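First comes one chain, alone, set out as structure tokens in the form deposited in one PDB entry.
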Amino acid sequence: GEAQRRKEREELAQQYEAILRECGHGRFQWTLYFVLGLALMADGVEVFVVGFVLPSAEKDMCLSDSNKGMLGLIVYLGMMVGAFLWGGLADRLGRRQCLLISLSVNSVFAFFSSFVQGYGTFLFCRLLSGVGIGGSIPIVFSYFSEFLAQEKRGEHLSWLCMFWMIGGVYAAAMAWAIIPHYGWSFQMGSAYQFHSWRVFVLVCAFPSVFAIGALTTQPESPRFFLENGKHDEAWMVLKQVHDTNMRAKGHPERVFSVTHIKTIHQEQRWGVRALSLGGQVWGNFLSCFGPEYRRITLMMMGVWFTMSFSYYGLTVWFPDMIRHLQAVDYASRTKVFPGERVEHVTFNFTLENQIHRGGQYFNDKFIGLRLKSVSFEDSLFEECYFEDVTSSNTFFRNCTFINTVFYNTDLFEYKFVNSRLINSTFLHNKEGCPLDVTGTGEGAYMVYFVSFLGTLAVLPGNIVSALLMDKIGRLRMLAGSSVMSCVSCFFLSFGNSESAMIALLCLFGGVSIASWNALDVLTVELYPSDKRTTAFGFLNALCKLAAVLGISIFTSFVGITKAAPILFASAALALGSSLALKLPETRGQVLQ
């Protein structure tokens, strides 16, 4: 029984490879390459949106701690759910069908989140958008693989990873060109406000819609038709590839010589259909953990988890350390004035990064002043008057207020820590958040630039991988890039300034991309066509879970020491490379 079915798969794979060789490489493959590249560009764009809009969304939504982190981590949870779901559904519904459904869901919920005003609703919309976009990479790679001959499969598949970097560059450029315009205050509904980061969200939701539009004009992969017992349309699609390729070549007169293709023999209503689909998907998932594929699946799990953990941890660690260094430099410049006695005189000023200690102000009226990181300590205010006071990161600690009036000020109760107020009046308090929300200004610009630089770092290695994939191999490229990633991880200690962090980020990003390409190609080539999307989606869900874990662990380690992130990244990458070196070789083989 098993031998006959194995022989049938082998002969089907060999005839499919012969047909693909006869059709040849040409315009059809490049058209599908661009379409799936747009589909991958959508995924590449999706991972930057929350990180770029958080500085404005914290003030525009009164976002506290334990809410910014969940917003940052929600896209990966959504991706983890969606990757598994769509990878399971793609082996029973079709690669193109599930890709259209997932991309449409992502587009719809990304459009919905751009107008959402609340936080929990924003969390739900972003989680659903992550679910929609999670299934992009597995389906796209498994869909493009089934149109390539064995002569150049690593090269043509590794060329498909340029669009992820293109999407990252697009996101960085859009953030640089849209977000800094804080003046935009479009008003539709008095209770609601439309800022620039929502426009950025719209522009970042655009490429998924473009991907859907491009994908609507492509045909289903013939291999999925052949596996499911559908022979006529697989022949039609292969023929269409033939005419497109040879018409582009310049010989639109030859005939598709293939007549018959061997096909795998196939052996309340809504609930029954759902139960059948779930059972079949579970069967595919369990057969992924079968006697034939059990060493392979665990080794792939190890490699995916380790590389995802290290990569996402370091990628979230670099900007956090740049911010920490900037904060340390800012706190080093703080001015201190211990003690000052002030008599009747009006006060206007704008003070930044100052601490006034032991002040004694008698009958002082403070009119129209802006405070940024200004702290009054051990001060006494008597018969004072605060009018038109706007403050950020300003606190009154150990202060005593007597007969003072706070008119038209945003000095809320959380800004008086361990203070004593006697006979004081608060009148016409400005509208504001109940707690602190911090403030981000011009320093956003460089952030975009930094992101851009990181994405550009990817550009060289990709080329090299795409130009060398079939020359050395998937295993050797994967190992030789993971080893360099580990070396760059060790080299992290030799940097403590912002420029050093930027250079280190560029080095790591330019080094790890070849390993990621190799893992993608190897995962595509190591599974049968009736389990390719299921296995790829399960491994991608594992990748997203490792991304969550690594991001949390590496962000919890900022400002403490530079040894823990280095140790974690190096150990994980060494384990991943060691596990990857034990994988089988798939170069020079038919797509079985």
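Whichever C-alpha set is largest while still superposing within 1.5 Å between the two forms counts as the rigid core. So that there is no doubt, residue numbering starts at 1 and follows the sequence shown.
Heads up, the form deposited in another entry isn't pictured, but that's what we're talking about next.
**Student:** State which of the options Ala541, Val50, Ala547, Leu40 undergoes a Cα shift of 2 Å or more between the shown form and the other one, taking the core as fixed.
**Tutor:** After core superposition, the single residue displaced by 2 Å or more is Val50.
**Student:** Can a Cα shift of no less than 2 Å be assigned to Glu292 between the shown form and the other one, given superposition on the rigid core?
**Tutor:** No; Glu292 is a residue whose C-alpha shifts by less than 2 Å between the shown form and the other one when the cores are overlaid.
**Student:** Does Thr216 move its CA by 2 angstroms or more between the shown form and the other one when the core is aligned?
**Tutor:** Shift at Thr216: below 2 Å after core fit.
**Student:** So that I can tell if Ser276 moves, could you say whether its C-alpha shifts by at least 2 Å between the shown form and the other one after the core superposition?
**Tutor:** The answer is no; the displacement is under 2 Å.
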